[PDB]
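What's in target-v3.pdb: PDB, C-alpha atoms
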```pdb
ATOM      1  CA  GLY A   1      99.565 117.081  85.856  1.00  0.00           C
ATOM      2  CA  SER A   2     103.364 117.107  86.354  1.00  0.00           C
ATOM      3  CA  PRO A   3     105.698 119.146  88.568  1.00  0.00           C
ATOM      4  CA  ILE A   4     107.317 122.190  86.950  1.00  0.00           C
ATOM      5  CA  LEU A   5     110.989 121.114  87.082  1.00  0.00           C
ATOM      6  CA  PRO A   6     113.916 123.099  85.644  1.00  0.00           C
ATOM      7  CA  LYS A   7     115.069 121.947  82.166  1.00  0.00           C
ATOM      8  CA  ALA A   8     117.314 118.934  81.902  1.00  0.00           C
ATOM      9  CA  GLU A   9     120.011 120.850  80.014  1.00  0.00           C
ATOM     10  CA  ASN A  10     120.338 123.691  82.628  1.00  0.00           C
ATOM     11  CA  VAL A  11     121.017 121.228  85.497  1.00  0.00           C
ATOM     12  CA  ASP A  12     124.660 121.673  86.562  1.00  0.00           C
ATOM     13  CA  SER A  13     124.552 118.377  88.524  1.00  0.00           C
ATOM     14  CA  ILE A  14     122.044 116.441  90.679  1.00  0.00           C
ATOM     15  CA  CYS A  15     123.412 114.981  93.907  1.00  0.00           C
ATOM     16  CA  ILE A  16     121.513 112.176  95.719  1.00  0.00           C
ATOM     17  CA  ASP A  17     122.867 111.160  99.152  1.00  0.00           C
ATOM     18  CA  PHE A  18     121.001 107.820  99.575  1.00  0.00           C
ATOM     19  CA  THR A  19     119.543 106.650 102.953  1.00  0.00           C
ATOM     20  CA  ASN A  20     122.741 104.585 103.549  1.00  0.00           C
ATOM     21  CA  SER A  21     126.379 105.884 103.395  1.00  0.00           C
ATOM     22  CA  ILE A  22     126.450 106.052  99.536  1.00  0.00           C
ATOM     23  CA  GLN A  23     125.854 108.968  97.148  1.00  0.00           C
ATOM     24  CA  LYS A  24     125.454 109.112  93.357  1.00  0.00           C
ATOM     25  CA  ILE A  25     125.809 112.250  91.208  1.00  0.00           C
ATOM     26  CA  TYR A  26     123.730 112.509  88.018  1.00  0.00           C
ATOM     27  CA  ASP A  27     125.768 114.811  85.727  1.00  0.00           C
ATOM     28  CA  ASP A  28     125.241 113.035  82.351  1.00  0.00           C
ATOM     29  CA  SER A  29     122.288 114.103  80.144  1.00  0.00           C
ATOM     30  CA  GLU A  30     120.871 110.569  80.365  1.00  0.00           C
ATOM     31  CA  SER A  31     121.335 110.424  84.164  1.00  0.00           C
ATOM     32  CA  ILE A  32     119.486 113.744  84.691  1.00  0.00           C
ATOM     33  CA  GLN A  33     116.760 113.109  82.054  1.00  0.00           C
ATOM     34  CA  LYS A  34     115.930 109.731  83.638  1.00  0.00           C
ATOM     35  CA  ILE A  35     115.396 111.412  87.018  1.00  0.00           C
ATOM     36  CA  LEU A  36     113.288 114.198  85.387  1.00  0.00           C
ATOM     37  CA  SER A  37     110.967 111.407  84.070  1.00  0.00           C
ATOM     38  CA  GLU A  38     110.277 109.478  87.321  1.00  0.00           C
ATOM     39  CA  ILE A  39     110.314 112.724  89.376  1.00  0.00           C
ATOM     40  CA  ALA A  40     107.510 113.989  87.046  1.00  0.00           C
ATOM     41  CA  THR A  41     105.378 110.787  87.196  1.00  0.00           C
ATOM     42  CA  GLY A  42     103.679 111.681  90.531  1.00  0.00           C
ATOM     43  CA  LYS A  43     100.832 114.058  91.313  1.00  0.00           C
ATOM     44  CA  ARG A  44     101.502 116.759  93.971  1.00  0.00           C
ATOM     45  CA  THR A  45      97.709 116.858  93.947  1.00  0.00           C
ATOM     46  CA  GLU A  46      95.608 119.990  94.701  1.00  0.00           C
ATOM     47  CA  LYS A  47      96.674 119.970  98.401  1.00  0.00           C
ATOM     48  CA  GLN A  48      98.773 122.652 100.141  1.00  0.00           C
ATOM     49  CA  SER A  49     102.367 121.851 101.102  1.00  0.00           C
ATOM     50  CA  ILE A  50     102.365 124.059 104.242  1.00  0.00           C
ATOM     51  CA  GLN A  51     105.745 122.401 104.997  1.00  0.00           C
ATOM     52  CA  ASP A  52     109.357 122.665 103.773  1.00  0.00           C
ATOM     53  CA  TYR A  53     110.606 119.228 104.941  1.00  0.00           C
ATOM     54  CA  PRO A  54     109.322 115.615 105.244  1.00  0.00           C
ATOM     55  CA  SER A  55     107.856 114.101 108.445  1.00  0.00           C
ATOM     56  CA  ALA A  56     109.809 110.855 107.839  1.00  0.00           C
ATOM     57  CA  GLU A  57     113.235 110.339 109.436  1.00  0.00           C
ATOM     58  CA  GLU A  58     114.566 107.861 106.821  1.00  0.00           C
ATOM     59  CA  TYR A  59     114.911 109.594 103.425  1.00  0.00           C
ATOM     60  CA  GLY A  60     117.553 110.538 100.819  1.00  0.00           C
ATOM     61  CA  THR A  61     118.886 114.118 100.398  1.00  0.00           C
ATOM     62  CA  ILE A  62     118.625 115.690  96.893  1.00  0.00           C
ATOM     63  CA  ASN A  63     120.093 118.837  95.333  1.00  0.00           C
ATOM     64  CA  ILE A  64     119.158 119.572  91.690  1.00  0.00           C
ATOM     65  CA  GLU A  65     121.919 122.144  91.167  1.00  0.00           C
ATOM     66  CA  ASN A  66     120.733 124.191  88.143  1.00  0.00           C
ATOM     67  CA  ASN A  67     121.678 127.649  86.804  1.00  0.00           C
ATOM     68  CA  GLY A  68     124.016 127.902  89.885  1.00  0.00           C
ATOM     69  CA  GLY A  69     120.926 127.692  92.167  1.00  0.00           C
ATOM     70  CA  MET A  70     119.290 124.474  93.345  1.00  0.00           C
ATOM     71  CA  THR A  71     116.020 122.839  94.100  1.00  0.00           C
ATOM     72  CA  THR A  72     116.622 121.111  97.417  1.00  0.00           C
ATOM     73  CA  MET A  73     114.052 118.297  98.043  1.00  0.00           C
ATOM     74  CA  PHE A  74     113.700 115.000 100.014  1.00  0.00           C
ATOM     75  CA  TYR A  75     111.675 111.721  99.287  1.00  0.00           C
ATOM     76  CA  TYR A  76     110.295 108.898 101.565  1.00  0.00           C
ATOM     77  CA  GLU A  77     107.733 106.055 102.040  1.00  0.00           C
ATOM     78  CA  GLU A  78     104.665 106.536 104.277  1.00  0.00           C
ATOM     79  CA  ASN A  79     101.857 104.004 104.942  1.00  0.00           C
ATOM     80  CA  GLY A  80     102.801 102.038 101.721  1.00  0.00           C
ATOM     81  CA  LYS A  81     103.015 104.898  99.121  1.00  0.00           C
ATOM     82  CA  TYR A  82     106.108 106.973  98.371  1.00  0.00           C
ATOM     83  CA  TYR A  83     106.169 110.795  98.419  1.00  0.00           C
ATOM     84  CA  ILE A  84     108.335 113.775  97.269  1.00  0.00           C
ATOM     85  CA  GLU A  85     108.896 116.981  99.297  1.00  0.00           C
ATOM     86  CA  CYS A  86     108.651 120.519  97.801  1.00  0.00           C
ATOM     87  CA  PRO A  87     107.163 124.010  98.761  1.00  0.00           C
ATOM     88  CA  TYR A  88     103.373 124.646  98.261  1.00  0.00           C
ATOM     89  CA  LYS A  89     103.209 122.011  95.449  1.00  0.00           C
ATOM     90  CA  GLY A  90     105.101 119.156  97.221  1.00  0.00           C
ATOM     91  CA  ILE A  91     102.750 116.273  98.125  1.00  0.00           C
ATOM     92  CA  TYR A  92     103.647 114.106  95.087  1.00  0.00           C
ATOM     93  CA  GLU A  93     101.936 110.849  95.915  1.00  0.00           C
ATOM     94  CA  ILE A  94     103.497 108.072  93.772  1.00  0.00           C
ATOM     95  CA  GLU A  95     102.610 104.345  94.028  1.00  0.00           C
ATOM     96  CA  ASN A  96     106.139 103.133  93.080  1.00  0.00           C
ATOM     97  CA  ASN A  97     109.570 103.436  94.763  1.00  0.00           C
ATOM     98  CA  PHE A  98     112.122 106.142  93.797  1.00  0.00           C
ATOM     99  CA  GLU A  99     115.509 104.476  94.476  1.00  0.00           C
ATOM    100  CA  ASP A 100     114.894 101.302  92.353  1.00  0.00           C
ATOM    101  CA  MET A 101     113.909 103.375  89.293  1.00  0.00           C
ATOM    102  CA  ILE A 102     117.063 105.569  89.191  1.00  0.00           C
TER     103      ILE A 102
END
```

Write-out of the structure in structure tokens:
Amino acid sequence: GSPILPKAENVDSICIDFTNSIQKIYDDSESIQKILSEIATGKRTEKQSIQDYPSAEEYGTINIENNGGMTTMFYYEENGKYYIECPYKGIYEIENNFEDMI
């Protein structure tokens, strides 16, 4: 069962400040749509995200700017799995890395 993302075609841009000093902006159709695949691969599971931030300290910063609003979110590795932040549906356990797949 996937996340409920915005559309692709209503995304104004997506900004990803990486963990390092570099940032990439996904403003092409193909750049956005690729993200909206691998960001939808994981399972937030039936848990409760009673949080609004990660508990890692090393992560990238993401803004999906869409319809002039955004979904802010953050991703990280913990204990050997990777994870994606969100409100009450943000415990997306994935078994693969984010940054190598973008």

Inset, instruction - Take the PyMOL selection byres ((chain A and resi 31) around 12), apply it to the structure above, and return the hits as number ranges by chain. - result: A: 8-9, 11-16, 24-30, 32-38, 101-102

Inset, instruction - Measure the distance from atom CA of residue 62 of chain A to atom CA of residue 47 of chain A in Å and round it to one decimal. - result: 22.4 Å

Evaluate the PyMOL selection byres ((chain A and resi 53) around 12) on the structure here and hand back the selected residues as a compact mmCIF listing (two decimals) with C-alpha atoms, in the coordinates of the input.
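Written out: selection_11.txt:
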```
# COMPACT_ATOMS: atom_id res chain seq x y z
CA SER A 49 102.37 121.85 101.10
CA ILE A 50 102.36 124.06 104.24
CA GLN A 51 105.74 122.40 105.00
CA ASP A 52 109.36 122.66 103.77
CA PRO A 54 109.32 115.62 105.24
CA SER A 55 107.86 114.10 108.44
CA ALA A 56 109.81 110.86 107.84
CA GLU A 57 113.24 110.34 109.44
CA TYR A 59 114.91 109.59 103.42
CA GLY A 60 117.55 110.54 100.82
CA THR A 61 118.89 114.12 100.40
CA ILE A 62 118.62 115.69 96.89
CA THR A 72 116.62 121.11 97.42
CA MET A 73 114.05 118.30 98.04
CA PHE A 74 113.70 115.00 100.01
CA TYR A 75 111.68 111.72 99.29
CA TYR A 76 110.30 108.90 101.56
CA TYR A 83 106.17 110.80 98.42
CA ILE A 84 108.34 113.78 97.27
CA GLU A 85 108.90 116.98 99.30
CA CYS A 86 108.65 120.52 97.80
CA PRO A 87 107.16 124.01 98.76
CA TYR A 88 103.37 124.65 98.26
CA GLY A 90 105.10 119.16 97.22
CA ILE A 91 102.75 116.27 98.12
```

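Here atom CA of residue 92 of chain A stands at a distance of 4.7 Å from atom CA of residue 43 of chain A.
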
Inset, instruction - Identify, on the basis of all atoms listed in the file, every residue whose closest approach to residue 81 of chain A does not exceed 7 Å; exclude the query and any residue fewer than 2 positions from it along the same chain; express the result as a PyMOL selection string. - result: chain A and resi 77-79+83+93-95
